[PDB]
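Enquirer: the data below comprise the sequence and an experimental structure of the protein.
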Amino acid sequence: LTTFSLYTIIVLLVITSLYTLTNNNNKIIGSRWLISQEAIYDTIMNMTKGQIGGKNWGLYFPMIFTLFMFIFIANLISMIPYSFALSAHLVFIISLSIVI
Amino acid sequence: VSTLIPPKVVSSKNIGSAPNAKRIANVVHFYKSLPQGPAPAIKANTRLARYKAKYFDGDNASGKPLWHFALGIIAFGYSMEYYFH
């Protein structure tokens, strides 16, 4: 197929595993991988409550979280040596910036 | 001369005490919760439930899954060089 199309699929599959294979069936105590995405959740919760800080800050809290995670995963995938970027295909990132 | 009758007409101290609220909470909180948490289900197997148990359930915060996931992408484009070759 198309390398770009295949890697958009890889980003989706990485993100799906991070909120499935990271803890079993919800254990309150917490599992070591999920501790990371707790801290990320909180520092962007308390950051965008710090920024826009309306009552619709939390309405843009998922949006600011998936703008984080998209860039966060796509700058680990492109860091693999034999790998073809998504983000360093500028046309998607710059276009996305213009959309926002 | 008068013998009055208040201490035996008490039932407002028997609701008045604060832990009553906690009581009616935690007889409900502990009558349906697991006895000691022996798990609600502990059987699994799909040959990646073992992968999850060792890595993505508390056991290893060790870097082995990172390596495993990394190695997949190294294998992907390296083979694809030879797919473009």
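Expert: Alright, I've got the coordinates. Numbers count the residues shown, from 1 in each chain, chains lettered A, B, ... in the order given.
Enquirer: just the CA coordinates for the one helix or strand residue B:74 maps to, please, in CSV.
Expert: Assigned by DSSP states H and E, residue B:74 falls within helix B:64-83. In CSV, the C-alpha atoms belonging to helix B:64-83 read as follows (Å, rounded to 0.1, in the frame of the first residue of the first chain):
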residue,chain,number,x,y,z
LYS,B,64,11.4,-4.7,27.1
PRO,B,65,8.0,-3.7,25.5
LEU,B,66,9.6,-0.5,24.2
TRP,B,67,12.3,-2.6,22.6
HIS,B,68,9.7,-5.0,21.2
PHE,B,69,7.6,-2.2,19.7
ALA,B,70,10.7,-0.5,18.4
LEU,B,71,12.0,-3.6,16.8
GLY,B,72,8.8,-4.0,14.8
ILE,B,73,9.2,-0.7,13.1
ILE,B,74,12.9,-1.3,12.4
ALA,B,75,11.8,-4.6,10.7
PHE,B,76,9.1,-2.8,8.8
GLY,B,77,11.0,-0.2,6.9
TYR,B,78,14.2,-2.4,6.5
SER,B,79,12.2,-5.1,4.8
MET,B,80,10.4,-2.3,2.8
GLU,B,81,13.8,-1.2,1.4
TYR,B,82,14.0,-4.7,0.0
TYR,B,83,10.3,-4.3,-1.1
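Enquirer: flag every buried residue along it.
Expert: B:65, B:70, B:73, B:76-77 (16 or more other C-beta atoms under 10 Å in any protein chain shown). The way it works is simple: take the backbone N, C-alpha and C, and place the C-beta from them, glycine included.
Enquirer: what does chain A put close to chain B?
Expert: With C-beta under 8 Å from any C-beta of the partner chain as the criterion, chain A meets chain B at residues A:3, A:10, A:14, A:17, A:21-25, A:27, A:31-33, A:77, A:80-84.
Enquirer: show the buried residues in these.
Expert: A:3, A:10, A:14, A:21-24, A:31-33, A:77, A:80, A:83-84.
Enquirer: the chain: helices as residue ranges?
Expert: This is for chain A. Here chain A has its helices, by DSSP state H, at A:3-17, A:34-48, A:61-74, A:90-99.
Enquirer: oops, I was thinking of chain B
Expert: B:19-29, B:49-55, B:64-83.
Enquirer: which residue is nearest the centroid of chain A?
Expert: residue A:69 (1.3 Å; C-alpha atoms, centre = their mean).
Enquirer: please tell me I have it right and that residue contacts residue A:16.
Expert: No: the criterion here is C-beta atoms under 8 Å, and residue A:69 misses it with residue A:16 at 11.5 Å.
Enquirer: wait, which of the buried residues of helix B:64-83 is closest to chain A?
Expert: residue B:77 (3.2 Å; C-beta to the nearest C-beta).
Enquirer: against residue A:50, how distant is the closest one?
Expert: Distance, residue B:77 to residue A:50, using C-beta to C-beta, to the nearest Å: 40 Å.
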